[PDB]
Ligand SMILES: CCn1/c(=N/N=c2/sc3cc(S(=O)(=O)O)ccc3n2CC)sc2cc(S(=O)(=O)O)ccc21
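Only one chain is included here, represented as structure tokens and corresponding to the form deposited without this ligand.
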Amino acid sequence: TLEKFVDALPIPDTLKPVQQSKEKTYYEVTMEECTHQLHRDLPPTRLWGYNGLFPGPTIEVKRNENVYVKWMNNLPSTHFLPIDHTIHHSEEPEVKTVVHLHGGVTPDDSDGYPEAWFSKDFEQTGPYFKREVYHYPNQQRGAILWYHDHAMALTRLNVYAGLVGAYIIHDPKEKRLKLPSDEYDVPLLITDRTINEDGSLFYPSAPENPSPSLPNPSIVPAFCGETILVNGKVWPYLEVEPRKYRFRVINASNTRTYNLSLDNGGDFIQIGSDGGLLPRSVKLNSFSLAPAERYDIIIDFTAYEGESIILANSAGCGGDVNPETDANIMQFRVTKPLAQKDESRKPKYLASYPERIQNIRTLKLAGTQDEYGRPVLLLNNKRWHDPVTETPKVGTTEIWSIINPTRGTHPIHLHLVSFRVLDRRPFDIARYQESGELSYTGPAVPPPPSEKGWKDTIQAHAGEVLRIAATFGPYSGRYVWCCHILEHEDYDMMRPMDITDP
């Protein structure tokens, strides 16, 4: 149905501070119901948005800028998407919110803990709530971060509703690299959605072929949207100048993984991963992008003046990709006149490369089944509410060995830290399931170049052990690690992570 490439790509405006001095920058962001048209041929869609915008405003900060954001809830008391009351037990408000700055090196009470939620005007607050005004010291590498809702049992719904936005940390020490900047540095927040004829968002209230005993609504274990949006617009086009652009590619989708290419066979240059600039730039013809991953890339349109180039997708969601729909992301049109000379660069040398092993943690990804027969996905056999087990000591380095005996990939995220990827190694799934015994079926494989820098969300593929290494700090406190497939996260593939200080 919806005609591709008829609406221009929105570029969210950069948020202006309410107050700013040399010592402190203070922002206010209020979650509001709002209405926006997502495609030329759709009626406007009721959404929830940060400052009533979808996506939310892009926040731009400097490394070490002392930033505060008062994230406020001015949402209705009843949700518009289907709440499953059976997935969590503790009366509480139906609509609960909390903002997680994904990738932030953030004090624990500003990290957006799932039980630090709040209702409208903070009238009711969860048992881990401490503060209204979140503090982001930004003492971390320049990078693409993003912010999104993280409320207990509601994350998949609140994010789907529209509560996502970009947050960019600029390190002045990188300015000398002359990477494309300003108008030539564009975030691309990719979100798949299913939209009804009347313009309303569709989110399933049950899996296919439910029983009458099955809760209604019921959580589903995965969501694949019919349409692809970039920056809140269905299959948009972007007019570009014939020169180099930097794009901050963010997968803000609930479940869907992308595998991106350019339909002319042209290359990307990757310059950065979740945790900042790679040590060296990486020429790529394609890349996978699972939920919450970011690729910081340069696309050089210099030789392509007048051309239309599709950012294409080869990964299916619930089936093979459809050439007419989800195989398309957006269309670049190289038809904008040059505003000035391209004085940007695509340097090879970007940053220095990524220490004692304190602990090695072996962690399994697996599910159980509930009383209604639905899968409940768990991190190392535990529910969210079980006593904490992942308890690294502050200032120490650990290796985490993530065993995935399930049928699909899980994008695992650690809060607070970024980590290095050591290797992946295939193992005998049936043996592991039958006995707990890990028997490798092949040699360990080091990460691709794209994963030789710093990561915070990482694909743990089926039938493999993935090893990562992280140094836990600089802060101690109560954080989280989770699978970022939101349908998994909410039931119940998330755990507390305590970074302890003796």
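Residue indices: 1-based, along the sequence shown.
Only in words, not in the display: the form deposited with this ligand bound, which the text now covers.
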Open or blocked: after superimposing the binding-site C-alphas and transferring this ligand from its position in the bound PDB entry, do three or more ligand atoms sit within 2.4 angstroms of any backbone or C-beta atom? open
Option touching this ligand, based on a heavy atom within 4.5 Å in the bound PDB entry, out of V234, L363, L260, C317: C317
Exactly one of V186, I269, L377, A312 comes within 4.5 Å of this ligand in the bound PDB entry through a heavy atom, and that residue is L377
Would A222 count as a contact of this ligand in the bound PDB entry, using a 4.5 angstroms cut-off between non-hydrogen atoms? yes
If we define contact as a non-hydrogen atom of the residue within 4.5 angstroms of the partner, is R156 a contact of this ligand in the bound PDB entry? no
Find out whether any non-hydrogen atom of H410 is located within 4.5 angstroms of this ligand in the bound PDB entry, and reply yes or no. yes
Examine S218 and determine whether its closest non-hydrogen atom to this ligand in the bound PDB entry is within 4.5 angstroms. no
Out of the stretches listed (402 to 410, 427 to 435, 279 to 287, 166 to 174), which one is close to this ligand in the bound PDB entry, meaning heavy atoms within 4.5 Å? 402 to 410
